[PDB]
Structure formats: structure tokens, C-alpha cells
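Chemist: My structure is in upload00.txt, and what it holds is compact mmCIF, C-alpha atoms:
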```txt
# COMPACT_ATOMS: atom_id res chain seq x y z
CA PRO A 1 -104.22 11.10 -98.79
CA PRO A 2 -105.33 7.63 -97.80
CA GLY A 3 -106.49 6.77 -94.29
CA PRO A 4 -104.46 4.77 -91.77
CA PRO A 5 -104.77 1.01 -91.46
CA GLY A 6 -107.65 -0.33 -89.38
CA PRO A 7 -107.20 -1.61 -85.83
CA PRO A 8 -105.53 -4.99 -85.38
CA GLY A 9 -107.95 -7.91 -85.53
CA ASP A 10 -109.44 -9.60 -82.51
CA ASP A 11 -107.76 -12.67 -81.08
CA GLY A 12 -109.15 -15.91 -82.45
CA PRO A 13 -111.47 -18.29 -80.62
CA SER A 14 -110.19 -20.57 -77.90
CA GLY A 15 -108.82 -23.92 -78.95
CA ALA A 16 -110.69 -27.15 -78.38
CA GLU A 17 -110.67 -28.93 -75.05
CA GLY A 18 -107.73 -31.29 -74.69
CA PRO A 19 -107.96 -34.99 -75.55
CA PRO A 20 -108.84 -37.53 -72.87
CA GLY A 21 -106.03 -38.80 -70.64
CA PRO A 22 -104.36 -42.22 -70.61
CA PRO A 23 -106.23 -45.24 -69.28
CA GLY A 24 -106.30 -45.66 -65.51
CA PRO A 25 -104.30 -48.22 -63.51
CA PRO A 26 -105.49 -51.81 -63.34
CA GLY A 27 -108.14 -52.51 -60.71
CA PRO B 1 -109.30 6.40 -99.96
CA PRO B 2 -109.81 4.44 -96.77
CA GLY B 3 -106.80 2.75 -95.20
CA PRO B 4 -106.30 -0.98 -95.71
CA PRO B 5 -107.59 -3.51 -93.19
CA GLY B 6 -105.68 -3.96 -89.94
CA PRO B 7 -103.23 -6.77 -89.16
CA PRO B 8 -104.80 -10.20 -88.59
CA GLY B 9 -105.54 -11.13 -84.99
CA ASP B 10 -103.36 -13.50 -83.00
CA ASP B 11 -104.30 -17.13 -82.49
CA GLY B 12 -106.88 -17.72 -79.79
CA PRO B 13 -106.03 -18.89 -76.27
CA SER B 14 -105.50 -22.53 -75.44
CA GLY B 15 -108.47 -24.76 -74.72
CA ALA B 16 -109.40 -26.19 -71.36
CA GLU B 17 -107.79 -29.33 -69.96
CA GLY B 18 -109.09 -32.58 -71.44
CA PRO B 19 -111.30 -35.05 -69.55
CA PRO B 20 -110.02 -38.08 -67.63
CA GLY B 21 -109.02 -41.14 -69.65
CA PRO B 22 -110.76 -44.53 -69.79
CA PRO B 23 -110.94 -46.71 -66.69
CA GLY B 24 -108.08 -49.18 -66.33
CA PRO B 25 -108.31 -52.93 -66.96
CA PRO B 26 -110.40 -54.79 -64.41
CA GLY B 27 -108.75 -56.72 -61.58
CA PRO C 1 -111.02 7.29 -92.94
CA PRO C 2 -109.29 4.40 -91.19
CA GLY C 3 -109.53 0.91 -92.66
CA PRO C 4 -111.63 -1.98 -91.35
CA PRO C 5 -110.27 -3.99 -88.44
CA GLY C 6 -108.10 -6.98 -89.29
CA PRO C 7 -109.78 -10.39 -89.41
CA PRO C 8 -110.10 -12.27 -86.15
CA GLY C 9 -107.24 -14.64 -85.41
CA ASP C 10 -106.93 -18.39 -85.78
CA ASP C 11 -108.43 -20.88 -83.38
CA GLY C 12 -106.08 -21.37 -80.47
CA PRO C 13 -104.19 -24.56 -79.65
CA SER C 14 -105.83 -27.55 -78.02
CA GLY C 15 -105.95 -27.75 -74.25
CA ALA C 16 -103.64 -30.10 -72.42
CA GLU C 17 -104.32 -33.83 -72.34
CA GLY C 18 -106.54 -35.02 -69.52
CA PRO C 19 -105.36 -36.83 -66.37
CA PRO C 20 -105.14 -40.63 -66.25
CA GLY C 21 -108.47 -42.45 -65.98
CA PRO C 22 -109.87 -44.01 -62.83
CA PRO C 23 -108.56 -47.42 -61.77
CA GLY C 24 -110.31 -50.48 -63.18
CA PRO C 25 -113.04 -52.40 -61.34
CA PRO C 26 -112.09 -54.88 -58.62
CA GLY C 27 -111.75 -58.61 -59.36
```
I'd like the structure from this file rewritten - as C-alpha cells, please.

Modeler:
Amino acid sequence: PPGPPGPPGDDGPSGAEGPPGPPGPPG
Amino acid sequence: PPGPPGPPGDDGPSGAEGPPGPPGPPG
Amino acid sequence: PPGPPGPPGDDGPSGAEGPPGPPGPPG
């Protein structure tokens, strides 16, 4: 009689920080 | 025998908001 | 005995794009 499956894995790491925004308005 | 490994974890959470974009064209 | 835990999940999605940059320098 084999054991039950192990616990579900942890959630992965957080994704990277988002890319920079669009360029600002003209001065 | 031991049970098999558990189900794979979910994807991680979303990253933080990106930084501000480049400064606009000069006046 | 129970199995090993599942592998940790994938890296999450990227954070949202940043806000628009600061306005350009003055003329």
C-alpha cells in the first residue's frame, strides 16, 4: 500500500517589477 | 512505497508597479 | 509515507507598467 501524494507545492516567486512608463509630456 | 510528489505550485503573485518613464522632451 | 511536496510554482507575471514620466525641462 503506497502512501498518499505529497502536499501541493508552494506558490512561485513574485514576478518582476513592471517596465518603466511612457515618456512624460513636453516641458 | 512512498506516495508520489504533490501537484506543482501555482504561479507566483504579480510584481510591483514599474517605475516612472523618461522625462518628456524639453520645452 | 506521504510523498514529497510538489515543486514550487512558476515566477509570477510582471507588475503593471509604470506611470508616465515627469514633464520635460523648461525652454

Chemist: Record the distance separating atom CA of residue 23 of chain B and atom CA of residue 15 of chain A, expressed in Å with one decimal.

Modeler: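 One can read the atom CA of residue 23 of chain B to atom CA of residue 15 of chain A distance as 26.0 Å.
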
Chemist: Please, what distance in Å, to one decimal, runs between atom CA of residue 14 of chain B and atom CA of residue 12 of chain C?

Modeler: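 These two atoms are separated by 5.2 Å.
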
Chemist: For the full set of C-alpha atoms taken in order, report to one decimal the RMSD after fitting chain C onto chain A.

Modeler: 1.2 Å

Chemist: Work out how far atom CA of residue 2 of chain C is from atom CA of residue 7 of chain A, in Å to one decimal.

Modeler: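 Separating atom CA of residue 7 of chain A from atom CA of residue 2 of chain C is a distance of 8.3 Å.
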
Chemist: Write out as a count of residues only the residues lying within 10 Å of residue 26 of chain B, counting all atoms listed in the file and excluding same-chain residues fewer than 3 positions away.

Modeler: 9

Chemist: Which residues come within 6 Å of residue 9 of chain B, counting all atoms listed in the file, excluding same-chain residues fewer than 4 positions away, as a count of residues only?

Modeler: 5

Chemist: Env of residue 20 of chain A: 7 Å cut, atoms = all atoms listed in the file, seq-sep filter 6 positions within chain, self excluded. Answer as a list in words.

Modeler: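 The neighbour list is residues 18, 19, 20 and 21 of chain B; 17 and 18 of chain C.
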
Chemist: Would you export the selected residues with C-alpha atoms as a PDB file, keeping the file's coordinate frame, please?

Modeler:
```
ATOM      1  CA  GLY B  18    -109.090 -32.580 -71.440  1.00  0.00           C
ATOM      2  CA  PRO B  19    -111.300 -35.050 -69.550  1.00  0.00           C
ATOM      3  CA  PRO B  20    -110.020 -38.080 -67.630  1.00  0.00           C
ATOM      4  CA  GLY B  21    -109.020 -41.140 -69.650  1.00  0.00           C
TER       5      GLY B  21
ATOM      6  CA  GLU C  17    -104.320 -33.830 -72.340  1.00  0.00           C
ATOM      7  CA  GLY C  18    -106.540 -35.020 -69.520  1.00  0.00           C
TER       8      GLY C  18
END
```

Chemist: For segment 4-26 of chain A, where the input has fewer atoms than it should, I would like N, CA, C and O atoms rebuilt and written as a PDB file, in the frame of the given file.

Modeler:
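Heads up, here's the output in out_27.pdb:
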```pdb
ATOM      1  N   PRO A   4    -105.342   5.746 -92.407  1.00  0.00           N
ATOM      2  CA  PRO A   4    -104.460   4.770 -91.770  1.00  0.00           C
ATOM      3  C   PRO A   4    -105.062   3.375 -91.786  1.00  0.00           C
ATOM      4  O   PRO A   4    -106.259   3.235 -92.039  1.00  0.00           O
ATOM      5  N   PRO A   5    -104.251   2.356 -91.531  1.00  0.00           N
ATOM      6  CA  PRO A   5    -104.770   1.010 -91.460  1.00  0.00           C
ATOM      7  C   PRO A   5    -105.734   0.844 -90.286  1.00  0.00           C
ATOM      8  O   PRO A   5    -105.619   1.536 -89.275  1.00  0.00           O
ATOM      9  N   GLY A   6    -106.693  -0.060 -90.439  1.00  0.00           N
ATOM     10  CA  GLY A   6    -107.650  -0.330 -89.380  1.00  0.00           C
ATOM     11  C   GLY A   6    -106.986  -0.925 -88.160  1.00  0.00           C
ATOM     12  O   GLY A   6    -105.814  -1.297 -88.204  1.00  0.00           O
ATOM     13  N   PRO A   7    -107.737  -1.019 -87.056  1.00  0.00           N
ATOM     14  CA  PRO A   7    -107.200  -1.610 -85.830  1.00  0.00           C
ATOM     15  C   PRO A   7    -106.852  -3.078 -86.043  1.00  0.00           C
ATOM     16  O   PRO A   7    -107.447  -3.724 -86.908  1.00  0.00           O
ATOM     17  N   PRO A   8    -105.888  -3.589 -85.285  1.00  0.00           N
ATOM     18  CA  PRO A   8    -105.530  -4.990 -85.380  1.00  0.00           C
ATOM     19  C   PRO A   8    -106.721  -5.878 -85.026  1.00  0.00           C
ATOM     20  O   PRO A   8    -107.535  -5.520 -84.175  1.00  0.00           O
ATOM     21  N   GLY A   9    -106.818  -7.019 -85.699  1.00  0.00           N
ATOM     22  CA  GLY A   9    -107.950  -7.910 -85.530  1.00  0.00           C
ATOM     23  C   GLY A   9    -108.039  -8.496 -84.139  1.00  0.00           C
ATOM     24  O   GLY A   9    -107.051  -8.562 -83.405  1.00  0.00           O
ATOM     25  N   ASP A  10    -109.242  -8.927 -83.775  1.00  0.00           N
ATOM     26  CA  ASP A  10    -109.440  -9.600 -82.510  1.00  0.00           C
ATOM     27  C   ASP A  10    -108.645 -10.905 -82.465  1.00  0.00           C
ATOM     28  O   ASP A  10    -108.327 -11.507 -83.496  1.00  0.00           O
ATOM     29  N   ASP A  11    -108.336 -11.347 -81.248  1.00  0.00           N
ATOM     30  CA  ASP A  11    -107.760 -12.670 -81.080  1.00  0.00           C
ATOM     31  C   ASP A  11    -108.787 -13.729 -81.477  1.00  0.00           C
ATOM     32  O   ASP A  11    -109.999 -13.534 -81.343  1.00  0.00           O
ATOM     33  N   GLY A  12    -108.290 -14.854 -81.991  1.00  0.00           N
ATOM     34  CA  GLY A  12    -109.150 -15.910 -82.450  1.00  0.00           C
ATOM     35  C   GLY A  12    -109.893 -16.576 -81.305  1.00  0.00           C
ATOM     36  O   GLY A  12    -109.707 -16.246 -80.125  1.00  0.00           O
ATOM     37  N   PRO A  13    -110.755 -17.527 -81.652  1.00  0.00           N
ATOM     38  CA  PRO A  13    -111.470 -18.290 -80.620  1.00  0.00           C
ATOM     39  C   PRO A  13    -110.522 -19.208 -79.874  1.00  0.00           C
ATOM     40  O   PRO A  13    -109.423 -19.528 -80.332  1.00  0.00           O
ATOM     41  N   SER A  14    -110.968 -19.631 -78.696  1.00  0.00           N
ATOM     42  CA  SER A  14    -110.190 -20.570 -77.900  1.00  0.00           C
ATOM     43  C   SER A  14    -110.111 -21.920 -78.593  1.00  0.00           C
ATOM     44  O   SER A  14    -111.040 -22.348 -79.281  1.00  0.00           O
ATOM     45  N   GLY A  15    -108.981 -22.593 -78.410  1.00  0.00           N
ATOM     46  CA  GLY A  15    -108.820 -23.920 -78.950  1.00  0.00           C
ATOM     47  C   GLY A  15    -109.755 -24.920 -78.299  1.00  0.00           C
ATOM     48  O   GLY A  15    -110.402 -24.655 -77.286  1.00  0.00           O
ATOM     49  N   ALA A  16    -109.830 -26.099 -78.907  1.00  0.00           N
ATOM     50  CA  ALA A  16    -110.690 -27.150 -78.380  1.00  0.00           C
ATOM     51  C   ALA A  16    -110.160 -27.661 -77.048  1.00  0.00           C
ATOM     52  O   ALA A  16    -108.976 -27.527 -76.722  1.00  0.00           O
ATOM     53  N   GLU A  17    -111.064 -28.246 -76.266  1.00  0.00           N
ATOM     54  CA  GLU A  17    -110.670 -28.930 -75.050  1.00  0.00           C
ATOM     55  C   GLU A  17    -109.696 -30.057 -75.383  1.00  0.00           C
ATOM     56  O   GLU A  17    -109.786 -30.685 -76.442  1.00  0.00           O
ATOM     57  N   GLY A  18    -108.741 -30.289 -74.483  1.00  0.00           N
ATOM     58  CA  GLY A  18    -107.730 -31.290 -74.690  1.00  0.00           C
ATOM     59  C   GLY A  18    -108.307 -32.680 -74.872  1.00  0.00           C
ATOM     60  O   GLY A  18    -109.469 -32.942 -74.552  1.00  0.00           O
ATOM     61  N   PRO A  19    -107.503 -33.601 -75.417  1.00  0.00           N
ATOM     62  CA  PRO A  19    -107.960 -34.990 -75.550  1.00  0.00           C
ATOM     63  C   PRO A  19    -108.037 -35.672 -74.190  1.00  0.00           C
ATOM     64  O   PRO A  19    -107.456 -35.177 -73.223  1.00  0.00           O
ATOM     65  N   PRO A  20    -108.752 -36.788 -74.113  1.00  0.00           N
ATOM     66  CA  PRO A  20    -108.840 -37.530 -72.870  1.00  0.00           C
ATOM     67  C   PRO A  20    -107.467 -38.071 -72.444  1.00  0.00           C
ATOM     68  O   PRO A  20    -106.581 -38.249 -73.278  1.00  0.00           O
ATOM     69  N   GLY A  21    -107.297 -38.309 -71.149  1.00  0.00           N
ATOM     70  CA  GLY A  21    -106.030 -38.800 -70.640  1.00  0.00           C
ATOM     71  C   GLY A  21    -105.782 -40.256 -70.961  1.00  0.00           C
ATOM     72  O   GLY A  21    -106.577 -40.888 -71.656  1.00  0.00           O
ATOM     73  N   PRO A  22    -104.667 -40.800 -70.456  1.00  0.00           N
ATOM     74  CA  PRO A  22    -104.360 -42.220 -70.610  1.00  0.00           C
ATOM     75  C   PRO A  22    -105.296 -43.069 -69.764  1.00  0.00           C
ATOM     76  O   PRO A  22    -105.911 -42.541 -68.838  1.00  0.00           O
ATOM     77  N   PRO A  23    -105.408 -44.355 -70.073  1.00  0.00           N
ATOM     78  CA  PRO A  23    -106.230 -45.240 -69.280  1.00  0.00           C
ATOM     79  C   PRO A  23    -105.727 -45.359 -67.838  1.00  0.00           C
ATOM     80  O   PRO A  23    -104.525 -45.279 -67.586  1.00  0.00           O
ATOM     81  N   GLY A  24    -106.652 -45.540 -66.903  1.00  0.00           N
ATOM     82  CA  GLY A  24    -106.300 -45.660 -65.510  1.00  0.00           C
ATOM     83  C   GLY A  24    -105.494 -46.902 -65.197  1.00  0.00           C
ATOM     84  O   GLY A  24    -105.300 -47.752 -66.064  1.00  0.00           O
ATOM     85  N   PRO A  25    -105.014 -47.014 -63.953  1.00  0.00           N
ATOM     86  CA  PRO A  25    -104.300 -48.220 -63.510  1.00  0.00           C
ATOM     87  C   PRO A  25    -105.229 -49.423 -63.494  1.00  0.00           C
ATOM     88  O   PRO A  25    -106.447 -49.252 -63.508  1.00  0.00           O
ATOM     89  N   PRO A  26    -104.667 -50.625 -63.466  1.00  0.00           N
ATOM     90  CA  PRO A  26    -105.490 -51.810 -63.340  1.00  0.00           C
ATOM     91  C   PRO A  26    -106.172 -51.872 -61.971  1.00  0.00           C
ATOM     92  O   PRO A  26    -105.604 -51.441 -60.968  1.00  0.00           O
TER      93      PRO A  26
END
```
